[PDB]
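Participant: Generate a structure from the sequence data that follows.
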Amino acid sequence: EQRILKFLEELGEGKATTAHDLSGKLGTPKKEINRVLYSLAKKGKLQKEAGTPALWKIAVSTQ
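Facilitator: Numbers count the residues shown, from 1 in each chain. The relevant structure is shown in the block below.
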């Protein structure tokens, strides 16, 4: 949760990353990325494009 919030905040607002791209780059097991992806997006610490496999980026709230 700390390694994901530190990489999504440094990348650059407006960006976007897929679970498959986050579980294949750091190795992290999907079973761990799917449980943290639905726990961070619910807390409002991560947007959720139209659909699960859609995409993921910092809080949608932006300019």
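Participant: from here on, contacts and neighbour counts on C-alpha atoms
Facilitator: Noted.
Participant: which helices and strands sit right next to the lengthiest helix in the chain?
Facilitator: In the chain, taking DSSP state H as the definition, the longest helix is helix 30-40. If you count contacts as 3 or more CA pairs under 8 Å, 6 or more residues apart in numbering; DSSP states H and E, helix 30-40 packs onto helix 19-22.
Participant: export the helix it packs on as CSV, just CAs?
Facilitator: Output in CSV follows, covering the C-alpha atoms of helix 19-22 (Å, rounded to 0.1, in the frame of the first residue of the first chain):
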residue,chain,number,x,y,z
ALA,A,19,-3.1,-4.4,-12.4
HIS,A,20,-1.5,-6.7,-14.9
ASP,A,21,1.2,-4.1,-15.4
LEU,A,22,1.7,-3.7,-11.6
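Participant: Give me the contacts around it.
Facilitator: By CA atoms under 8 Å, 6 or more residues apart in numbering, the surrounding residues in contact with helix 19-22 are 28, 30, 33-34, 37, 53, 55.
Participant: buried residues in that helix?
Facilitator: Across helix 19-22, burial judged by 16 or more other CA atoms under 10 Å covers residue 19.
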